[PDB]
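Trainee: Handing over entry.txt, compact mmCIF, C-alpha atoms.
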# COMPACT_ATOMS: atom_id res chain seq x y z
CA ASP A 31 80.41 89.96 92.10
CA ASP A 32 80.64 88.09 95.44
CA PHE A 33 82.34 90.98 97.28
CA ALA A 34 79.60 93.43 96.17
CA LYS A 35 76.98 91.00 97.54
CA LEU A 36 78.84 90.82 100.85
CA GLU A 37 78.85 94.61 100.98
CA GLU A 38 75.10 94.58 100.41
CA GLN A 39 74.46 91.77 102.90
CA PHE A 40 76.50 93.35 105.68
CA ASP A 41 75.89 96.97 104.69
CA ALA A 42 79.59 97.74 104.84
CA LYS A 43 82.38 98.83 102.52
CA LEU A 44 85.02 96.10 101.90
CA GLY A 45 88.73 96.56 101.21
CA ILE A 46 90.57 93.46 100.00
CA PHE A 47 94.10 92.77 98.85
CA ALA A 48 95.37 89.19 98.72
CA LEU A 49 98.67 88.16 97.16
CA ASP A 50 99.80 84.59 96.54
CA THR A 51 103.55 85.12 96.97
CA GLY A 52 104.24 81.92 95.05
CA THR A 53 102.44 82.99 91.88
CA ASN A 54 101.83 86.76 92.09
CA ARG A 55 98.11 86.11 91.69
CA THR A 56 96.04 88.71 93.51
CA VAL A 57 92.46 89.10 94.65
CA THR A 59 91.53 92.76 94.91
CA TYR A 60 88.42 94.70 95.85
CA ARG A 61 88.68 98.39 96.61
CA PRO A 62 92.37 97.58 97.29
CA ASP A 63 93.36 101.27 97.39
CA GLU A 64 90.39 102.66 99.29
CA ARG A 65 91.34 104.07 102.68
CA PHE A 66 90.12 102.62 105.98
CA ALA A 67 91.09 103.52 109.53
CA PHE A 68 93.68 100.82 110.18
CA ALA A 69 92.75 100.49 113.89
CA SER A 70 94.72 97.78 115.77
CA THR A 71 96.24 96.24 112.60
CA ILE A 72 98.91 98.93 113.12
CA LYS A 73 100.10 96.84 116.11
CA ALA A 74 101.72 94.33 113.69
CA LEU A 75 103.60 96.98 111.70
CA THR A 76 104.65 98.66 114.95
CA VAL A 77 106.24 95.43 116.28
CA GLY A 78 107.80 95.05 112.79
CA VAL A 79 109.56 98.40 113.30
CA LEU A 80 110.49 97.55 116.93
CA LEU A 81 112.14 94.33 115.72
CA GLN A 82 114.13 96.36 113.17
CA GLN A 83 115.45 98.48 116.04
CA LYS A 86 115.81 96.12 118.99
CA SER A 87 118.04 93.13 119.51
CA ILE A 88 116.41 90.07 121.09
CA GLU A 89 118.15 90.90 124.37
CA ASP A 90 116.88 94.52 124.18
CA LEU A 91 113.39 92.92 124.40
CA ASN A 92 114.21 91.73 127.92
CA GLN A 93 114.25 95.35 129.08
CA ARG A 94 111.52 95.73 131.70
CA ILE A 95 109.30 98.72 130.99
CA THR A 96 107.62 100.39 133.95
CA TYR A 97 104.38 102.28 133.60
CA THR A 98 101.61 103.47 135.90
CA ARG A 99 97.80 103.42 135.96
CA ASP A 100 98.12 106.73 134.05
CA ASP A 101 99.59 104.94 131.02
CA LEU A 102 96.54 102.64 130.94
CA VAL A 103 94.02 103.37 128.19
CA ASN A 104 90.69 101.79 127.04
CA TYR A 105 91.69 98.19 126.26
CA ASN A 106 94.60 96.78 128.23
CA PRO A 107 93.79 93.13 129.09
CA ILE A 108 97.42 92.26 129.95
CA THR A 109 99.12 95.54 130.89
CA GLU A 110 96.38 96.42 133.38
CA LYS A 111 97.43 93.26 135.29
CA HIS A 112 101.12 94.17 135.59
CA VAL A 113 101.21 97.84 136.72
CA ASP A 114 103.09 97.06 139.97
CA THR A 115 105.64 94.84 138.28
CA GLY A 116 106.14 96.24 134.78
CA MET A 117 106.50 94.17 131.64
CA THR A 118 109.45 93.34 129.41
CA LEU A 119 109.35 94.70 125.87
CA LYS A 120 108.97 91.09 124.74
CA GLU A 121 105.90 90.68 127.01
CA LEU A 122 104.51 93.99 125.66
CA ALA A 123 104.93 92.83 122.05
CA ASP A 124 103.20 89.58 122.96
CA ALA A 125 100.25 91.37 124.63
CA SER A 126 100.00 93.92 121.84
CA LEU A 127 99.88 91.30 119.07
CA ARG A 128 97.96 88.45 120.72
CA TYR A 129 95.52 90.43 122.84
CA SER A 130 95.47 93.77 121.02
CA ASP A 131 96.59 95.42 124.25
CA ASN A 132 96.42 99.19 123.56
CA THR A 133 98.72 100.24 126.41
CA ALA A 134 101.27 97.75 125.13
CA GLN A 135 101.02 99.37 121.66
CA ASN A 136 101.50 102.86 123.17
CA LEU A 137 104.58 101.74 125.14
CA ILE A 138 106.16 100.09 122.07
CA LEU A 139 105.31 103.15 119.94
CA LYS A 140 107.24 105.27 122.46
CA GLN A 141 110.21 102.86 122.16
CA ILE A 142 110.37 103.44 118.41
CA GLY A 143 109.94 107.23 118.62
CA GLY A 144 106.16 107.58 118.30
CA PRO A 145 103.77 107.74 115.32
CA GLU A 146 105.97 110.10 113.27
CA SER A 147 108.91 107.69 113.54
CA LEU A 148 106.65 104.73 112.70
CA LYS A 149 105.46 106.63 109.62
CA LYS A 150 109.07 107.41 108.64
CA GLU A 151 110.11 103.77 109.03
CA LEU A 152 107.13 102.66 106.89
CA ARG A 153 108.03 105.28 104.26
CA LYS A 154 111.60 103.85 104.26
CA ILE A 155 110.26 100.39 103.44
CA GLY A 156 108.21 101.84 100.59
CA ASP A 157 104.83 102.25 102.26
CA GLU A 158 103.72 105.67 101.01
CA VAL A 159 100.11 105.19 102.15
CA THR A 160 99.92 104.14 105.82
CA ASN A 161 99.48 107.28 107.85
CA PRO A 162 100.02 106.83 111.62
CA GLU A 163 99.49 110.03 113.60
CA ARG A 164 98.20 108.95 117.00
CA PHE A 165 98.44 106.59 119.97
CA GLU A 166 95.64 104.28 121.12
CA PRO A 167 92.74 104.67 121.43
CA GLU A 168 92.45 108.02 119.61
CA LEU A 169 93.94 106.59 116.43
CA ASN A 170 90.44 105.08 116.11
CA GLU A 171 88.91 108.59 115.84
CA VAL A 172 88.71 108.55 112.03
CA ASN A 173 85.90 110.14 110.02
CA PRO A 174 85.17 109.28 106.35
CA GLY A 175 87.33 111.34 103.98
CA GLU A 176 90.17 111.63 106.52
CA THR A 177 93.60 110.04 105.91
CA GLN A 178 94.93 110.23 109.50
CA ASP A 179 95.54 106.74 110.91
CA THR A 180 94.35 105.07 107.71
CA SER A 181 95.90 102.77 105.19
CA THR A 182 94.61 100.67 102.29
CA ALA A 183 94.25 96.90 101.89
CA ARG A 184 97.18 96.96 99.46
CA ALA A 185 99.54 98.95 101.69
CA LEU A 186 98.77 97.07 104.92
CA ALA A 187 99.25 93.67 103.23
CA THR A 188 102.48 94.87 101.53
CA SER A 189 103.95 96.31 104.75
CA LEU A 190 103.01 93.17 106.68
CA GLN A 191 104.58 91.07 103.88
CA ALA A 192 107.70 93.30 104.14
CA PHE A 193 108.29 92.55 107.86
CA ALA A 194 107.01 88.99 107.98
CA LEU A 195 108.17 87.53 104.64
CA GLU A 196 110.85 89.82 103.17
CA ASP A 197 114.30 91.05 104.20
CA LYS A 198 112.98 94.00 106.26
CA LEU A 199 113.70 91.73 109.24
CA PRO A 200 116.25 88.92 109.56
CA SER A 201 114.80 85.38 109.72
CA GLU A 202 114.83 84.97 113.54
CA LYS A 203 112.97 88.26 113.98
CA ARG A 204 110.59 87.38 111.13
CA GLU A 205 109.89 84.10 112.93
CA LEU A 206 109.24 85.86 116.25
CA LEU A 207 106.75 88.21 114.60
CA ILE A 208 105.00 85.32 112.84
CA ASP A 209 104.83 83.13 115.96
CA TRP A 210 103.19 85.94 117.96
CA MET A 211 100.71 86.47 115.10
CA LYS A 212 100.00 82.72 114.65
CA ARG A 213 99.13 82.68 118.35
CA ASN A 214 96.77 85.68 118.21
CA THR A 215 93.72 85.21 120.49
CA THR A 216 91.49 87.88 118.82
CA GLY A 217 91.02 86.60 115.25
CA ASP A 218 89.06 83.34 115.54
CA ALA A 219 85.89 84.61 113.83
CA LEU A 220 87.74 86.53 111.09
CA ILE A 221 90.31 85.31 108.52
CA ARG A 222 90.77 82.14 110.61
CA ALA A 223 87.07 81.39 110.16
CA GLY A 224 87.31 81.85 106.37
CA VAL A 225 90.18 79.52 105.48
CA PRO A 226 89.99 75.72 105.04
CA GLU A 227 91.36 73.20 107.53
CA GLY A 228 95.17 72.88 107.47
CA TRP A 229 95.75 76.50 106.51
CA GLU A 230 97.97 78.22 109.05
CA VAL A 231 97.03 81.81 109.97
CA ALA A 232 99.09 84.65 111.42
CA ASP A 233 96.77 87.61 111.82
CA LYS A 234 96.26 90.94 113.52
CA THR A 235 92.74 92.28 113.94
CA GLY A 236 91.46 95.84 114.15
CA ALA A 237 88.18 97.36 115.32
CA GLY A 238 87.46 101.08 114.87
CA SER A 240 84.72 103.73 114.65
CA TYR A 241 82.19 103.47 111.82
CA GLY A 242 82.11 99.75 112.52
CA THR A 243 85.62 99.40 111.12
CA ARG A 244 86.56 95.74 111.30
CA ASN A 245 89.90 94.68 109.91
CA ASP A 246 92.09 91.62 109.79
CA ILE A 247 95.49 91.37 108.12
CA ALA A 248 97.30 88.06 107.93
CA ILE A 249 99.88 85.79 106.42
CA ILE A 250 98.11 82.55 105.58
CA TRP A 251 99.78 79.29 104.70
CA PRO A 252 98.04 76.73 102.49
CA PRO A 254 98.86 73.13 103.52
CA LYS A 255 101.24 73.08 100.57
CA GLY A 256 102.55 76.19 98.82
CA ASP A 257 103.86 79.68 99.41
CA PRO A 258 102.27 82.07 101.90
CA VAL A 259 99.35 84.28 100.98
CA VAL A 260 99.33 87.85 102.30
CA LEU A 261 95.80 89.10 102.95
CA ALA A 262 94.31 92.36 104.15
CA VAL A 263 90.55 92.40 104.71
CA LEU A 264 89.38 95.86 105.74
CA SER A 265 85.86 97.09 106.31
CA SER A 266 83.88 100.11 107.49
CA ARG A 267 80.26 101.27 107.59
CA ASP A 268 78.39 104.55 107.16
CA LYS A 269 77.28 105.23 110.75
CA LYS A 270 79.85 106.36 113.35
CA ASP A 271 78.39 104.08 116.05
CA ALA A 272 77.82 101.14 113.67
CA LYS A 273 78.44 97.64 114.99
CA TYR A 274 80.52 95.24 112.94
CA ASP A 275 79.84 91.66 112.07
CA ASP A 276 82.93 89.41 112.08
CA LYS A 277 81.13 87.16 109.59
CA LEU A 278 81.73 89.73 106.82
CA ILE A 279 85.50 89.19 107.14
CA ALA A 280 85.19 85.42 107.41
CA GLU A 281 82.95 85.39 104.31
CA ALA A 282 85.23 87.76 102.31
CA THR A 283 88.15 85.45 103.19
CA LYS A 284 86.14 82.49 101.83
CA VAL A 285 85.74 84.42 98.54
CA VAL A 286 89.49 85.21 98.52
CA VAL A 287 90.35 81.54 99.14
CA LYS A 288 87.97 80.46 96.35
CA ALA A 289 89.41 82.92 93.83
CA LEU A 290 92.93 81.74 94.63
What does this structure look like when you write it as structure tokens?

Mentor:
Amino acid sequence: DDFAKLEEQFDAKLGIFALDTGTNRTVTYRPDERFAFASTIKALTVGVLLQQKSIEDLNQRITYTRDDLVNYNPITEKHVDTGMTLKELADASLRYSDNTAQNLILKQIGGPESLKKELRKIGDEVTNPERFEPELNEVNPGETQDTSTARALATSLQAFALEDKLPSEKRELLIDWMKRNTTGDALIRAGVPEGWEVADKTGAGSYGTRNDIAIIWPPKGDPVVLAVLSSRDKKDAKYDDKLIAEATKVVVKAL
């Protein structure tokens, strides 16, 4: 099949789950194989924060120091002296994959164990958050720590973004941040036709893990939930975004 050929071409393992929410048609390929989730966890983490915080709670300014700063903080590194509101942290986390912003939000919801418990409550029995950034990326093959599957990540994203896990105004906030993501241009966005709206969160991890989860909107019809996960056999492997764009093109074709 086309996914097998992509795996061969890019020398990577692919994990795909797509659901057309209008028809219950799926496209699956290793949908239950585990991958380090990497920064895709940022979307589910804001999902849980929105469950717990009122809109006005998000105006709370969070202070942090240079000590809180980790390996990839494009926004938070620029606001040490001044702090950032929870709303600004959510924005940075989702649109820029700001790791410090993720860590600060994670603290607000009680850390990885609380995130896990909130995901279990919504019926996600698979996603296994244990760590903060960037050490949640330290995943070796065979391990389940800080991994999920294409099916579980898509379903949990669907839960927060499309279902009653959040009320409409919070669902819309989440979606708007994700629609306005800056990091996903070469991934699912590059694999959908013109006029399809995309709300995605990317991940990049060890073993050339390269992930993108999204809600995608055909010009006309119900949203499609999509998780495209990938990983490679060498720890220091580089990813190619094109794999995810091409897998998306196969998904779009099959639907």

Trainee: Taking only C-alpha atoms into account, name the residue in A:137, A:194, A:123, A:79 that is nearest to residue 103 of chain A.

Mentor: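 Looking only at the distances to residue 103 of chain A, the closest residue turns out to be A:137.
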
Trainee: For atom CA of residue 281 of chain A and atom CA of residue 191 of chain A, determine how far apart the two atoms are, in Å to one decimal place.

Mentor: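 Interatomic distance here is 22.4 Å.
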
Trainee: Write out as number ranges by chain which residues come within 10 Å of residue 275 of chain A when counting all atoms listed in the file, dropping same-chain ones fewer than 6 positions away.

Mentor: A: 40-42, 219-220, 242-244, 265

Trainee: Which residues come within 10 Å of segment 109-113 of chain A, counting all atoms listed in the file, excluding same-chain residues fewer than 6 positions away, as a PyMOL selection string?

Mentor: chain A and resi 95-103+121-122+125-126+131-134

Trainee: Name the closest residue to residue 187 of chain A among the candidates A:108, A:119, A:81, A:74; distances are taken between atoms, counting all atoms listed in the file.

Mentor: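 The answer is A:74, which sits nearest to residue 187 of chain A.
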
Trainee: At most 10 Å from (82.1, 83.4, 94.3), file frame, all atoms listed in the file: which residues, as a PyMOL selection string?

Mentor: chain A and resi 31-33+35+282+284-289

Trainee: Starting from the point (94.3, 110.8, 110.8), work out which residues of protein, DNA or RNA have an atom no more than 9 Å away when counting only C-alpha atoms; state them as a VMD selection string.

Mentor: chain A and resid 67 161 to 164 169 to 173 176 to 180

Trainee: Residues within 9 Å of residue 73 of chain A, please, as a list in words. Count all atoms listed in the file; anything in the same chain fewer than 3 positions from it doesn't count.

Mentor: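 Non-adjacent residues within range: residues 69, 70, 76, 77, 78, 123, 126, 127, 130, 131, 132, 135, 234, 235 and 236 of chain A.
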
Trainee: How would the residues just picked look written out with C-alpha atoms as a short mmCIF file (atom, residue, chain, number, x, y, z; two decimals), keeping the file's coordinate frame?

Mentor:
data_model
loop_
_atom_site.label_atom_id
_atom_site.label_comp_id
_atom_site.auth_asym_id
_atom_site.auth_seq_id
_atom_site.Cartn_x
_atom_site.Cartn_y
_atom_site.Cartn_z
CA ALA A 69 92.75 100.49 113.89
CA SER A 70 94.72 97.78 115.77
CA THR A 76 104.65 98.66 114.95
CA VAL A 77 106.24 95.43 116.28
CA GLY A 78 107.80 95.05 112.79
CA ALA A 123 104.93 92.83 122.05
CA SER A 126 100.00 93.92 121.84
CA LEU A 127 99.88 91.30 119.07
CA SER A 130 95.47 93.77 121.02
CA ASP A 131 96.59 95.42 124.25
CA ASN A 132 96.42 99.19 123.56
CA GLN A 135 101.02 99.37 121.66
CA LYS A 234 96.26 90.94 113.52
CA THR A 235 92.74 92.28 113.94
CA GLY A 236 91.46 95.84 114.15
#

Trainee: Would you mind reading off the distance between atom CA of residue 277 of chain A and atom CA of residue 218 of chain A, one decimal, in Å?

Mentor: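 Calculated distance between atom CA of residue 277 of chain A and atom CA of residue 218 of chain A is 10.6 Å.
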
Trainee: Tell me which of A:148, A:223, A:75, A:280 sits closest to residue 263 of chain A, counting only C-alpha atoms.

Mentor: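 Among A:148, A:223, A:75, A:280, it is A:280 that comes nearest to residue 263 of chain A.
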
Trainee: Expressed in Å to a single decimal, how great is the separation between atom CA of residue 278 of chain A and atom CA of residue 230 of chain A?

Mentor: 20.0 Å
